[PDB]
Amino acid sequence: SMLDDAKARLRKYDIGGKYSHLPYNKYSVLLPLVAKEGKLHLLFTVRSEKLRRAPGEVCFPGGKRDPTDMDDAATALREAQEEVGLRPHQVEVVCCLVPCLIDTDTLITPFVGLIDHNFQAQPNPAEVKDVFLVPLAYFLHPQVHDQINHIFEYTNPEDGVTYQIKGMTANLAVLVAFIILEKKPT
Ligand SMILES: Cc1ccc(Nc2ncnc3[nH]ncc23)cc1
Ligand SMILES: Cc1ccc(Nc2ncnc3[nH]ncc23)cc1
Ligand SMILES: Cc1ccc(Nc2ncnc3[nH]ncc23)cc1
């Protein structure tokens with residue numbers, strides 16, 4: 001099946017816990033894969049305008065590890081629940097992708113999760129202004145705008161709303177698109 005196939009592709013890029021013990025400032029993100037209408041999509045958040053860090057920008061759910069977290073995956077799952085109401089029984093964590101090094105002292109670990117078909121997002125308005133889906137195939141032929149810095153524009157055909165996707169978020173999205181969709185019969 002489509003889901004069987006996705007998970008088998010993702011498994012081959014799993015680094016697991018290899019870089020998890022290093023002495024960084026530690027954050028995790030969850031990349032949430034949703035099946036709709038015969039196709040895979042990624043779920044994104046728009047950050048609330050009131051936050052200190054990057055108000056109004058597009059990102060994956062996530063945040064800073066805390067002493068309660070059993071491991072780095074736990075951080076991503078805690079944060080996803082708090083931000084958009086995703087419960088643990090509604091997600092299968094499939095792998096841990098390459099971590100992102102920033103600012104000389106910080107390591108951000110991305111996890112890919114398959115989302116239950118009955119999940120409906122309940123955004124916490126203190127953290128998240130909006131939630132939207134993008135088909136995964138979009139990231140193979142995106143609409144690119146140079147700010148020089150590459151920025152993607154995605155227009156939701158349901159309501160005509162345009163979102164800007166950039167930085168680490170845009171990089172991770174293209175990576176997941178390549179892993180799952182490259183080299184497939186039609
Ligand atoms: C998409 C996105 C989400 C959060 C941030 N946060 C930060 N940006 C800059 N410096 C920071 N220091 N601690 C956090 C932090 C940046 C981008
Ligand atoms: C220095 C620094 C530290 C943390 C971040 N955080 C994030 N960066 C990107 N997406 C994110 N989603 N949730 C959090 C988060 C960015 C920069
Ligand atoms: C809540 C939730 C629980 C489990 C899954 N996983 C799968 N579901 C169906 N087929 C699959 N094939 N590989 C994995 C997989 C998705 C969401």
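Along the sequence shown, the residues carry numbers beginning at 1. The figures that follow rest on heavy atoms only: side chains count, while hydrogens, waters and symmetry mates do not. Whatever order the structure lists them in is the order used to number ligands and atoms, beginning at 1.
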Closer than 4.0 Å to some heavy atom of [X] - which atoms of ligand 2 meet that?
X: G63; value: 13 (N), 14 (C)
X: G62; value: 13 (N), 14 (C)
X: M168; value: 9 (C), 10 (N)

Non-hydrogen side-chain atoms of [X] and [Y] separated by less than 4.5 Å:
X: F139; Y: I165; result: yes
X: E127; Y: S48; result: no
X: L33; Y: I180; result: yes

request  = Using the side-chain hydrogen bond (donor to acceptor under 3.5 Å, both in side chains) rule, pick out the option among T75, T109, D72 that qualifies with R65.
outcome  =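 Only one option passes, and that is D72.
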
message = Can you confirm whether more than 12 heavy atoms, excluding those of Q122, are under 6.0 Å from its CD atom?
response =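 Atom CD in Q122 is not packed in, count stays at 12 or less.
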
request  = Could you tell me whether ligand 1 has any atom less than 4.0 Å away from a heavy atom of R47?
outcome  =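 Per 4.0 Å heavy-atom rule, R47 contacts ligand 1.
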
inquiry  = Any nitrogen or oxygen of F60, side chain or backbone, less than 3.5 Å from one on ligand 2?
reply    =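 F60 vs ligand 2: N/O contact under 3.5 Å present.
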
task = Decide side chain to side chain contact (heavy atoms under 4.5 Å, CB included) for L40 and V176; before the verdict, give the C-alpha distance in whole Å, the side-chain angles of both, and the deciding distance to 0.1 Å.
result = CA-CA 11 Å; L40 296 173; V176 168; over 6 Å; no

key: Every residue of the protein that comes under 4.0 Å of ligand 3, judged on heavy atoms   =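 For ligand 3, the contacting residues are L3, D4, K7, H89, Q90, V91, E92, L114, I115, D116.
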
ask   = What part of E79, side chain from CB on, backbone N/CA/C/O, both or neither, has a heavy atom under 4.0 Å from ligand 2?
value =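 None of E79 does.
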
query = Just heavy atoms, cut-off under 4.0 Å: does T169 contact ligand 2 by side chain, backbone, both, or neither?
reply =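 No part of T169 comes within reach of ligand 2.
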
task = Decide yes or no on side chain to side chain contact (heavy atoms under 4.5 Å, CB included) for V112 and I179, but give the supporting numbers first.
result = CA-CA 12 Å; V112 186; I179 285 170; over 6 Å; no

message = Tell me every residue that passes side-chain contact (heavy atoms from CB on, under 4.5 Å) with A54, counting only those two or more places apart in sequence or in another chain.
response =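 For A54 the side-chain contact (heavy atoms from CB on, under 4.5 Å) partners, ignoring immediate neighbours, are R47, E57.
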
ask   = So, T162 versus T155: side-chain donor-acceptor pair below 3.5 Å or not?
value =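 A pair is found: one side chain offers a donor N or O, the other an acceptor, under 3.5 Å apart.
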
ask   = In ligand 1, which numbered atoms sit nearer than 4.0 Å to a non-hydrogen atom of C59?
value =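 In order of number, 1 (C).
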
request  = Scan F44, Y163, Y138 and name whichever one has a ring pair (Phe, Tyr, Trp, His ring centres under 6.0 Å) with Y154.
outcome  =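 Testing each of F44, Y163, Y138 against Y154, the sole residue satisfying ring pair (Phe, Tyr, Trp, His ring centres under 6.0 Å) is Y138.
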
